[PDB]
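Below: the structure, in structure tokens.
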Amino acid sequence: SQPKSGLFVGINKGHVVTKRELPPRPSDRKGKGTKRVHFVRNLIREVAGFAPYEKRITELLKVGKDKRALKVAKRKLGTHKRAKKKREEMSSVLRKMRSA
Amino acid sequence: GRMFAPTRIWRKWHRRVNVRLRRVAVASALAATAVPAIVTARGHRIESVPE
Amino acid sequence: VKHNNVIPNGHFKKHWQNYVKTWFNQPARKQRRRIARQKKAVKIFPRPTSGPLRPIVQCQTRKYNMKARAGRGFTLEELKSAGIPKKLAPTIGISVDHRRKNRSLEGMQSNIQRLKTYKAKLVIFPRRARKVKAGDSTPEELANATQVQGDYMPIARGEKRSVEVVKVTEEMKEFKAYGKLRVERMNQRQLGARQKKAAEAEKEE
Amino acid sequence: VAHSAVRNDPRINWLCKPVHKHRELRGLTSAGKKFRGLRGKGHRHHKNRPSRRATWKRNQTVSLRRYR
RNA sequence: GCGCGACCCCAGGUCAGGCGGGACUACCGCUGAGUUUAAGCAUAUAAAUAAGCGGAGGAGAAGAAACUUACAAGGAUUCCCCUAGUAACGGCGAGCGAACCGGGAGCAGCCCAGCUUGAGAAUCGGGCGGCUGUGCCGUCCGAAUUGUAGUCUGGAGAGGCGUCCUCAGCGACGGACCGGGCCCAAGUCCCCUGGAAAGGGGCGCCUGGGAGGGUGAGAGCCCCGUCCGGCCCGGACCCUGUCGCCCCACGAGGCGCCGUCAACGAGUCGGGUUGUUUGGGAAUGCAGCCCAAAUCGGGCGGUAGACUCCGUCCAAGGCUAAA
RNA sequence: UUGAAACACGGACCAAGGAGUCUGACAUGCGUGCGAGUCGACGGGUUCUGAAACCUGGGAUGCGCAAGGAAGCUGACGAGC
Ligand SMILES: [Mg+2]
Ligand SMILES: [Mg+2]
Ligand SMILES: [Mg+2]
Ligand SMILES: [Mg+2]
Ligand SMILES: [Mg+2]
Ligand SMILES: [Mg+2]
Ligand SMILES: [Mg+2]
Ligand SMILES: [Mg+2]
Ligand SMILES: [Mg+2]
Ligand SMILES: [Mg+2]
Ligand SMILES: [Mg+2]
Ligand SMILES: [Mg+2]
Ligand SMILES: [Mg+2]
Ligand SMILES: [Mg+2]
Ligand SMILES: [Mg+2]
Ligand SMILES: [Mg+2]
Ligand SMILES: [Mg+2]
Ligand SMILES: [Mg+2]
Ligand SMILES: [Mg+2]
Ligand SMILES: [Mg+2]
Ligand SMILES: [Mg+2]
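Residue numbers (the entry's author numbering), protein chains in the order written: chain AB, 4 to 103; chain EB, 102 to 152; chain KB, 2 to 206; chain HA, 137 to 204.
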């Protein structure tokens, strides 16, 4: 961000000094999905299949019940952050199949 | 039997004196070394010393 | 309990007499550390006895950010800007810290100058007798070399006190220092309500 | 750790030293590092290092210095 | 009427090996009270203590951030001071009670798994033989492709290019530290008392030695010792100090650019609930059971919750001195 | 103990031992030193009978120098009888 305002109070309080930009670090790609790993993980999905709750979630996403798709996912996975993401993931799988 | 109030090693063996009070006392001691009557009275045979 | 005294609160209800730590070995601790330092000095001679070079850092936490002290080690950028390779620095007496960051330019500049200042007064013996490879030194240099002791690069904790004299100008006398503080505090606490009234503007208006 | 194919592997020689006898009975394997609270570092784990009992002893000590 | 090959199991007084028990100061793991205090007593406290069951070393444990902070931010672990009898916790009672910052002691960082030998398992054990012998060499069996070696570990890295810049060992003598044996100043001069002179008086001497002890009573000089050091013998050493010969590379590393790649630990994390523990308070750690992940993803920012932004770090494998 | 010579208890005698201490927190008083300061108490340096003594740091460590508020916060404009 822009450096502080030079004043001890208020927005952007603090001591002015030339702010600077930090080069990307390894682990600034941390979590970035990659080709071969995704290739392996997709392939296992057809071989392995779907968990029973993952099957249940899509069914309600197939009816159109977005809320319950999230609400079932949450009681299973535990948190809204993971439940929100898994619903989106099931919705994605649903749109790569029911497209045809 | 055991003694009343057995002595322990966490008695206060060492006592602290202010850095400045130590220096003041050294100054007083040095001055008294320059007084013949006090060097005599403390027991030193100083009777053929020149000065 | 009785007369107007302070409320007693001594924590002596456990078996505290089994964990009494006395300090009768304090003078012996000083001697063992002195012998340890002295023995270490010989086994590292001629390398300096203070250790590797430490960079300037500002302390954390409001109470101390105005004071400079020694940090763990130089960042990778400080090392690379001064042109000291990453894996050579600990071998020539310069500590490294792969974790520290450079958010403000002045700090980075200050620690770069230390590395050149250190490099200027650094001398390196050859790895063998007569071969002189890169980074080595002249025989004259290697005879003038002694074991420097103490703090060969001191760190000034903070800004020296200076009370200059200037002329008090009309703008200076008009400026409201207290008025500035109260209006700037005001803006901080209205930040949400102002942004909300703004935010709802584009939602409705 | 008596097998010569182990004693000549630099990556596993450490397990032959006497300081590693019965690592599991002293809580020093991965599972041991787990139930000892050592998976984590900051506050929320500071009492577990060096050990919970070593931390307790240190906090129990009455330090009566010579000049006090 | 077979003989196969592998898989999983046998039994061997088979070849060669490693295990158990002992000691308690300090260290690591488990289990676990009550007396007592609260002027009664049950949560609490005593105490995450005593007892009980085990496991180590010369130290042990911890250790290289899924850390703190909110700052101009800092930067592994441990210990001391301070923080601080503080924030907090508590029949908010009796009581209990840390951490960050800061200042010191000491400082050091490493290595794996995974896509990446395929013209080629380049790796490793054992028998036997030889030699320079804590190892190296030859050969024959075997382990291992359900994966040994090499690369690589996020700070990166694989590639590509490039003036460049960097790399091999053994002698010889030592210095230090370690143990041991020996050698080393000067009155026992004269008188008195006394069983005994080491006491008194006289006259002398040593002292870088008047620490201590013995010897028939307060002995520097009688003896052993003490000071200053001298000598001779034996070690461990893997630390560095110089002379000698050998000369490091087309392999790897550094550094300059590139942007194409860029792999990173799963009944684990995480959530619920139960019990314990904590100063940790809508839950500090730990453990049972249930549910059970992700890869523009994950863990945190000390009040539970949804969204936008911001700071921060990268768990689920391992080693690591010093204080 | 209100009251003991007591029909209250303890004491046959003698020798030796035998009970308000040490530590931590606080308070008042007194002594010493310095004084808007004051502490060198964890360390470092130096020290040849001394585990002593002596030097050093502190530009902010503790206490004091400013208080009222639960907090966000604000913070003594100069005394007369
Ligand atoms: Mg328990
Ligand atoms: Mg008790
Ligand atoms: Mg009671
Ligand atoms: Mg009672
Ligand atoms: Mg009772
Ligand atoms: Mg016990
Ligand atoms: Mg260890
Ligand atoms: Mg205080
Ligand atoms: Mg407790
Ligand atoms: Mg003699
Ligand atoms: Mg005589
Ligand atoms: Mg004698
Ligand atoms: Mg002699
Ligand atoms: Mg709990
Ligand atoms: Mg370890
Ligand atoms: Mg009566
Ligand atoms: Mg009567
Ligand atoms: Mg009676
Ligand atoms: Mg009687
Ligand atoms: Mg008596
Ligand atoms: Mg002060």
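Each residue gets a CB set at the ideal place from its N, CA and C atoms; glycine is no exception.
The three-state secondary structure of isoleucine 14(AB), taken from DSSP, is coil.
Annotation: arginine 35(KB) to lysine 33(AB) spans about 48 Å, alpha carbon to alpha carbon.
Residues of the region 114-131 of chain EB that bring their beta carbon within less than 9 Å of a beta carbon in chain HA comprise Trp114, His115, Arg116, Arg117, in sequence order.
The straight-line gap separating the alpha-carbon atoms of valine 140(EB) and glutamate 148(EB) is approximately 11 Å. Here the alpha carbon of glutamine 196(KB) sits roughly 10 Å from the alpha carbon of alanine 202(KB).
Here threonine 141(EB) carries a helix assignment [DSSP, helix/strand/coil].
Here the alpha carbons of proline 154(HA) and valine 198(HA) stand approximately 35 Å from one another. Between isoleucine 60(AB) and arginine 28(AB), the beta carbon gap of about 36 Å keeps them out of contact (Cβ cut-off 8 Å). Counting only runs of at least 4 residues, the region 155-189 of chain KB fully encloses the following alpha helix (DSSP H) elements, listed from N- to C-terminal order: 171-175.
It is roughly 15 Å from the alpha-carbon of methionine 109(KB) to the alpha-carbon of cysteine 60(KB).
Within the region 93-113 of chain KB, those residues whose Cβ lies closer than 8 Å to any Cβ of chain AB are, in chain order, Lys102, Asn103, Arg104, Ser105, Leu106, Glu107, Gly108, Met109.
When the beta-carbon positions are compared, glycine 151(KB) and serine 51(KB) come within less than 9 Å of each other. Boundaries of the alpha helix (DSSP H) harbouring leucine 73(AB): 69-80, taken from the DSSP string.
Taken through DSSP and simplified to helix, strand or coil, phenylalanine 42(AB) comes out as helix. Listed in chain order, the non-local C-beta contacts of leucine 174(HA) below 8 Å within the same chain comprise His181, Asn184, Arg185, local neighbours out to five positions each way being set aside. Contact of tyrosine 119(KB) with chain HA is not assigned, every C-beta pair being separated by 9 Å or more. Separation of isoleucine 93(KB) and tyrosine 153(KB) (C-alpha to C-alpha, rounded to the nearest whole angstrom) is 15 Å. Beta-carbon to beta-carbon, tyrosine 20(KB) and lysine 193(HA) are separated by about 7 Å, close enough to satisfy the 8 Å threshold. At a cut-off of 9 Å, the C-beta of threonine 191(HA) has no neighbouring C-beta in chain KB. When C-beta atoms of the region 55-75 of chain AB are compared with those of the region 85-100 of chain AB, three or more pairs fall below 8 Å, so the two segments count as touching. DSSP places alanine 83(KB) outside both helix and strand once states are collapsed to three, so it counts as coil.
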